[PDB]
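2 protein chains.
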Amino acid sequence: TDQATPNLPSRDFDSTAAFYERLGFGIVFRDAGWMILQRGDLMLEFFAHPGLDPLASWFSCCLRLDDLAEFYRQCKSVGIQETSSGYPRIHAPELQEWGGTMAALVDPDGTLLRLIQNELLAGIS
Amino acid sequence: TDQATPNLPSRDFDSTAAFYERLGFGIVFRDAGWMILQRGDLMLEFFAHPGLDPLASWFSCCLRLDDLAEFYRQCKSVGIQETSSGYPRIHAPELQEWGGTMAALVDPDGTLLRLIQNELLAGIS
Ligand SMILES: [Cu+2]
Ligand SMILES: [Cu+2]
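Order-wise, the sequence lines are chains B and C. Just so we're on the same page, the entry's author numbering is the position in the first sequence counted from 1, plus 1. Just so we're on the same page, the entry's author numbering is the position in the second sequence counted from 1, plus 1.
Structure below.
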């Protein structure tokens, strides 16, 4: 499978990786500039960026999941709070403007993960 | 297939899309806020961003190709110049301190597409 990857920010490498490996994303490659965190079919490529403000962090990527209730119940049960103010933070599955439903995930760095439900997905905006 | 996607900037929608549909990435979805440009398995999600400087554009994504010679010969033959100063621009397949070889692709917006030749641990997600 020929594949297009999201390239995302990490300030310290054990600090960013331990949040994602609780959510199933295992450490398949690690050097010092680049870190690939991968849950089965879901590849996330995290580059070393210690000069980062989490408020100015323009880095989003969608997780296109065949159920959305498994991975959102996983986030609440492992230890990630549902909150308007905070980082890390999560927001619930909603209805909006195209065909089905979407939710949200933010990490310790400021990375905007958009969570969906597969075709089935159709994610009203 | 469950899949993690790169979310990328587009100023005008026919202006960004016509560059990528020359490179095989057909218009599978289009509304007004979001535009999905996809070469088979290679999904690129382009959101509407007209307040963009191309010099300050921090948006990279890797195309993981099992041959790199087809898609770099495609860029030179369809009409994309190999140049140090310019946008759109391309840079050649150079040898890398990690595995194999990586070339560059920049569009009219300022989107950094990292063109990888894949190695012996080909972990298909
Ligand atoms: Cu936002
Ligand atoms: Cu650079």
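Cβ coordinates follow ideal geometry from the N, Cα and C atoms, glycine included.
Nearest-angstrom Cα separation, counted from residue j out to residue i
i, j, result
"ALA93(B)", "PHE47(B)", "25 Å"
"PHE26(B)", "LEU69(C)", "27 Å"
"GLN97(B)", "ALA18(C)", "25 Å"
"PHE30(C)", "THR102(B)", "17 Å"
"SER78(B)", "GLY87(C)", "49 Å"
"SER126(B)", "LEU121(C)", "41 Å"
"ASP67(C)", "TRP35(B)", "20 Å"
"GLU71(C)", "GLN118(C)", "11 Å"
"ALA5(B)", "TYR21(C)", "14 Å"
"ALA123(B)", "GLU95(B)", "12 Å"
"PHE60(C)", "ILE37(C)", "16 Å"
"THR2(B)", "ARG74(B)", "29 Å"
"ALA33(B)", "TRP99(B)", "41 Å"
"residue 1(B)", "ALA104(B)", "Residue 1(B) is absent from the structure shown; chain B starts at 2 and stops at 126."
"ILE28(B)", "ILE28(C)", "34 Å"
DSSP beta-bridge partners of residue i
i, result
"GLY27(C)", "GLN39(C)"
"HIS92(C)", "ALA105(C)"
"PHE48(B)", "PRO10(B) and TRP35(B)"
"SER61(B)", "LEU113(B)"
"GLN118(B)", "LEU66(B)"
"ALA123(B)", "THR102(B)"
"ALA5(C)", "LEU64(B)"
"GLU83(C)", "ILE91(C)"
Proximal residues to residue i (C-beta, below 8 Å), its chain only, five neighbours per side dropped
i, result
"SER16(B)", "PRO109"
"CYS76(B)", "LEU24, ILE91 and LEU106"
"residue 127(C)", "With chain C represented from 2 up to 126, any question about residue 127(C) goes unanswered, as that position is not in the structure."
"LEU53(B)", "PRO10, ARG12, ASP110 and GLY111"
"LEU56(C)", "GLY111"
"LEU64(B)", "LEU43, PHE72, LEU106, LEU114, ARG115, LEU116 and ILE117"
Contact set for residue i: own chain, Cβ-Cβ below 7 Å, skip 5 residues either direction
i, result
"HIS50(C)", "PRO10, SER11 and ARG12"
Cutoff 6 Å; reference residue i; Cβ partners in own chain excluding five residues on either side
i, result
"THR84(C)", "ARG90"
"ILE81(C)", "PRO89 and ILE91"
Decide if the region 107-118 of chain B is in contact with the region 9-29 of chain B; the criterion is three or more beta carbon pairs, one per stretch, under 8 Å apart. yes
Any contact between the region 85-103 of chain C and the region 34-43 of chain C? By contact I mean 3 or more CB pairs, one from each, below 8 Å. no
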